[PDB]
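Next comes just one chain, in structure tokens: the form deposited in one PDB entry.
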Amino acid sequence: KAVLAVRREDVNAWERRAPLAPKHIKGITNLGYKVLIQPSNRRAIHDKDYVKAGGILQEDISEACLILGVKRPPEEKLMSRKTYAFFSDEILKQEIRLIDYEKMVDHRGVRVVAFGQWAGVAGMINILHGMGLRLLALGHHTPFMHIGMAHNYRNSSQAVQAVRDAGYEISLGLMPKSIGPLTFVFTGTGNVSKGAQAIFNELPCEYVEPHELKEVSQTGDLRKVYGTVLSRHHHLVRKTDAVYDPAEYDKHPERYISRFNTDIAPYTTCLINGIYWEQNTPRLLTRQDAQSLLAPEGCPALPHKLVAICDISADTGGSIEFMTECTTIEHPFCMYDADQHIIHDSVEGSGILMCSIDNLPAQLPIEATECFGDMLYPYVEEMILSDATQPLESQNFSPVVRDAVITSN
């Protein structure tokens, strides 16, 4: 008797995802609920697949009490006496219940509704493409020229075949010698970091311990790429006695510094940053660290070892002090040059190539939709039996859903 609707995305041309996939609509209709799908040429999964799974294609979504979307409408489009959920008072004036997927957390306070590894997958394809263009601008044709942007591929499978194909060229010795071994450092603990690792694993890779990076950055095999996973214990020490205690760094991070600038950064070609930075944590790199890193025929050496930094988390303006500006899917790369200036939509001149896109998952919209839908599915029935007309206190919500309401009730 209660009716669910999936709204069309209207916010931005790049929003090709949805909060639920066909298989989720097949599940919800098998529980006897009616599900309206608002027609959309924008969605990367076609309307006829939502219809095949028992959804009814219809512009008018007035009858629905739960409306699921990805991004909040401009507020002009919000029907009254209904519950909306998005990835986000004025509207509180009315009887409108708003839910924020980002605030849906377990008893420990860890998120339970997200895009999983998919930001890392897209970020790693993006930065490999970026390094192709950056190294050509410095005068080096490489096999990284043969990897496009994440959104130029049908799905992660087609992307993986292009990464393996460029990997074969590297493994056959088609890199230029003069630029030396290539080193990749991965930071952070989450699913997003595993995604970037999963793309790297398709190249002719070799994982080393952080202390080895000094050696392999000089004498590594030029038919391979080198990776290292960086953990807290590798680079964080107390200001007093240069010791690491994990229980103490959790409570009082202010007693700690990072040795990343002296121990790892000078031996790094590409930093993939997956850290979630906090207001009292040590930084990986400062503005002064950048000055020192930059200060240094047809076959030149690199101007300096560090070519690129890709941010795959939220943390835009955190661990790397000078990475202040976000990039976009359309303009993915900017340069931090030797005069401490950001040059937008460019891979030319001096300095460090940087990539910081806020909606990386949208570049792989089908797999992003499947993954998100899987995490949301168990909570959908609670949300369908939500009543915007009644008080919050009387709703049969789990703490997960209750705590994620961002309206007065």
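By rigid core we mean the largest C-alpha set that fits within 1.5 Å across both forms. Residue numbers here begin at 1 and follow the sequence given.
Legend entry - Gap size between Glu297 and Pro296, counted in deposited residues that the entry leaves unmodelled: The entry has a gap there, with 4 to 9 residues left out between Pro296 and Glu297.
Legend entry - Deposited-sequence gap flanked by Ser88 and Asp89: The entry has a long gap there, with 10 or more residues left out between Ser88 and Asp89.
Inset, instruction - Could you check which stretch, 130 to 138 or 233 to 241, carries the larger mean CA temperature factor in the entry? - result: On average, C-alpha B-factors are higher across 233 to 241.
Inset, instruction - Could you check which stretch, 342 to 350 or 65 to 73, carries the larger mean CA temperature factor in the entry? - result: It is 65 to 73.
Inset, instruction - Just grab whichever of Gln94, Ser156, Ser178, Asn273 has the top CA B-factor as deposited. - result: Across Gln94, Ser156, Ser178, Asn273, the entry lists the biggest C-alpha B-factor for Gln94.
Legend entry - Out of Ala388, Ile25, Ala13, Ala18, residue topping the C-alpha B-factor column of the entry: Within the set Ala388, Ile25, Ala13, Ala18, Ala388 shows the top C-alpha B-factor.
Legend entry - Ranked C-alpha temperature factor of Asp337 among modelled chain residues, by third: Middle third by C-alpha B-factor.
Inset, instruction - Relative to the other modelled residues of the same chain, rank the CA B-factor of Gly32 and answer lowest, middle or highest third. - result: Top third by C-alpha B-factor.
Legend entry - Third of the chain's Cα B-factor distribution that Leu364 belongs to, per the entry: For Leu364, whose C-alpha B-factor we compare with every modelled residue in the chain, the answer is the lowest third.
Legend entry - Chain-relative CA temperature factor third for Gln58: Highest third of the chain for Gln58's C-alpha B-factor.
Inset, instruction - Select lowest, middle or highest to describe the third in which the CA B-factor of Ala301 falls within its chain in this entry. - result: It falls in the middle third of the chain.
The same protein also exists as the form deposited in another entry; that form is not shown, yet it is the one meant from here on.
Legend entry - Moved residue between this form and the one not shown - picked from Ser231, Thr328, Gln94, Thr286, where its Cα shifts 2 angstroms or more relative to the rigid core: The displaced C-alpha is that of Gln94.
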